[PDB]
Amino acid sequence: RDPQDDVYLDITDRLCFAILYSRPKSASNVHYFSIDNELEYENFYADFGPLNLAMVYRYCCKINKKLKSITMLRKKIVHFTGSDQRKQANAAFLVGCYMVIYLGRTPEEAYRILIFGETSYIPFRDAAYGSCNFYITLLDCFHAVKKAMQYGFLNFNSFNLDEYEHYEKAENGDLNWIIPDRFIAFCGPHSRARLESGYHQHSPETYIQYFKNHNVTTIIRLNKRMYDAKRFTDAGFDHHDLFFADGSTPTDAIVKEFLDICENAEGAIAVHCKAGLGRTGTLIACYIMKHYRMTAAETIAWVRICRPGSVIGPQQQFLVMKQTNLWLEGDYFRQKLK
């Protein structure tokens, strides 16, 4: 909490990361830039990050842009962050992502570097109200990012920033792809829109075109009923109602039923609850732990990076608890198919 705790950490022979508790001191051959007020997290409640897939992308682009410029080829680049622990975690989060994605570093090597100066980062909290029951560390986010690369979940070669930023907005539907070509999480539609100010409520229609052009063939409602299934089924979409108590955990019957559907859907699946954060992210997470054998913490990190605020309160304990089981089921699954 004092400029005594300032620290500089080398990432590459030209890229440096600093946690300055005071005024950055200049130099003719050193370029300083901060993202604390450029790539800010939009918090629901007490959550404070990690930053979403887009901001990650924007950051990785700002770096490559700065290293490529001929106006500073002979300068060292220092990404500095401030005295806000929350801002420090996210900033460190971005350098970490850059090392994994663009550099060829491992999640552990990247974590090792970031904590070399001995900095103590506060782990990422959830969006529930009051006391958190589970936290995801930077290392957890690095493993999540790594695997996403190995599994085509993340591909900054094809990633479309304008498209991602367009649909996450409430006025455009507030939707995010979790697994490209396979899963979408969005806000539950209301029977009859109301985009006419006050709120940005959407009817099932505003999603139909997007869903078809992106091969969505299934839809799952975990929320209560705000519209008639007909409006989706009449457009050729297979619909399902796996509803379960808001802010609660899903029974094993629901999970086995959710996994079944997904496993047999013939294309992308769009999932939604009221906000498409809690219940929605929880079941999609289950699918991932089962088929990609990722950990509850690795999976929860990937999801929140895609759609910030997902998985809440008890839902976190649920996944963590179920991990071993889904892993084992996915083991038998893959083998029966072999």
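One rule holds for the numbers: they count along the sequence shown, beginning at 1.
- Annotation for 257-265 versus 190-198: the higher mean temperature factor (C-alpha) is found in 190-198.
- Higher average CA B factor: 68-76, of the stretches 161-169 and 68-76.
- Taking the PDB entry at face value, the top CA B factor among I101, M226, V216, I136 belongs to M226.
- In the deposited coordinates, the residue among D174, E109, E205, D126 with the greatest CA B-factor is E205.
- Looking at the C-alpha B-factors along this chain, the one for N52 belongs to the lowest third.
- Among all modelled residues in this chain, the alpha-carbon of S22 has a temperature factor (C-alpha) in the highest third.
- For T233, the recorded CA temperature factor ranks within the highest third of the chain's modelled residues.
- The entry lists a Cα temperature factor for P180 that places it in the middle third of the chain's modelled residues.
- Per the PDB record, residue ranking by Cα B-factor puts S131 in the highest third of the chain.
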